[PDB]
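A lone chain, given as structure tokens: the form solved without Promazine.
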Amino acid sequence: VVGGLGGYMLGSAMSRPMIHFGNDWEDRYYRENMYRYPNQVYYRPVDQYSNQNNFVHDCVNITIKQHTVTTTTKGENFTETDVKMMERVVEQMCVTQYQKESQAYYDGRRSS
């Protein structure tokens, strides 16, 4: 049961999303430190989606939780600064995974 998710869709991996905090040093900090954050994110299928926002936040919390729990259990943690930078990344990755799978649905009417 994916360690203890009940059954969140663990997505596949990614490459560096284009986070733009509005700052300069944050973007550079992120670009040096991006390895500290996961490749992949946890969510539900578009088959039972309803809300973007509520689904996004619940993913964001649950992948934040897992990095801050299923790594912190051993001895692996972050800072408020890394954590907020993670909230950006976890969102962009979560958003992208929904967008990938739901666009496959919304594009999936072009037998043209």
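The first residue of the sequence shown is number 1, and the count goes up from there.
We do not show the form solved in complex with Promazine, though everything after this point is about it.
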Drop Promazine in from its pose in the bound PDB entry via a C-alpha superposition round the site, and with the 3-atom, 2.4 Å backbone or C-beta test the pocket comes out blocked
Which listed residue (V56, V46, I62, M34) meets the criterion of a heavy atom within 4.5 Å of Promazine in the bound PDB entry? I62
Looking in the bound PDB entry, any heavy atom of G4 within 4.5 Å of Promazine? yes
So in the bound PDB entry, is Promazine close enough to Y42 to count as touching (4.5 Å, heavy atoms)? yes
Out of the stretches listed (68 to 76, 22 to 30, 81 to 89, 46 to 54), which one is close to Promazine in the bound PDB entry, meaning heavy atoms within 4.5 Å? 68 to 76
